[PDB]
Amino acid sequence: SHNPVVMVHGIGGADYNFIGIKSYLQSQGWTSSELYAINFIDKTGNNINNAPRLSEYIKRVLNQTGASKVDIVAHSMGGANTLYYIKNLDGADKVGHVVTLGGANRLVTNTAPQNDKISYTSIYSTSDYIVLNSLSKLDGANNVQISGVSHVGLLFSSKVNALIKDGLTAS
C-alpha cells in the first residue's frame, strides 16, 4: 500500500492549501487518514524553523503509523524546506517519493539528494510568476514543465494532480 503522504506548504501558506490534492488522492485510492498536511506556525518559510518542524512531524507520523517511510508533496518554499530537511537534517532515510510543485528548490541545492534511493519529481509551470522554473528544476529529478497554470493554480489543477499521482508511484 501507499506510504503516508506529508504535504508541505510555502510562504504565507497553510495546511488547507492541500484540500484539492487530498480530495484527488482520496479519489485515486489513497486513504484520507494517511494524508497529512503540516501547518507551519512560521509563515515566513524560514528553513531554520520549518525544516526541524518538518522532521519532527514526520517522525510522529512514522511512530504513529509504523510505516518505514513517508512520501512528500511540497509547494513553493515548502520544496526548499523539504530539500533542506533531506540534505542537511535526517530526512534521507525517511522518504520514499518527493514531489515538488513550483518548488523553490535551488535555494537549497541543484541536485536532488540521494536520488538513486529517493524518487524525485519536480513539476513547474511557465506561467508561474512567483517561483522561476530555473529555481524548481532539480538535477536527478523527473522535471516536468507545463504551461498556463499559475503558482497557486498548481494546487487546484487536474493536470498537476495526475502528475502528482505519477510522482508518488514512480519506480
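A residue's number is simply how far along the shown sequence it sits, counting from 1.
- 25-33 and 53-61 differ in mean CA B-factor, and the higher of the two is recorded for 25-33.
- The mean C-alpha temperature factor is higher for 111-119 when 111-119 and 125-133 are set side by side.
- The PDB entry assigns its highest CA temperature factor, among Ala170, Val5, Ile164, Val8, to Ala170.
- Among the modelled residues of the chain, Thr100 sits in the lowest third by CA temperature factor in this PDB entry.
- Split the chain's modelled residues into thirds by C-alpha temperature factor. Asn81 is in the middle one.
- Per the deposited record, the Cα B-factor of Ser158 falls in the highest third when ranked against the other modelled residues of its chain.
- When the modelled residues of the chain are ordered by their C-alpha B factor, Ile48 lands in the highest third.
- Among the modelled residues of its chain, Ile146 has a C-alpha B-factor that falls in the middle third according to the deposited record.
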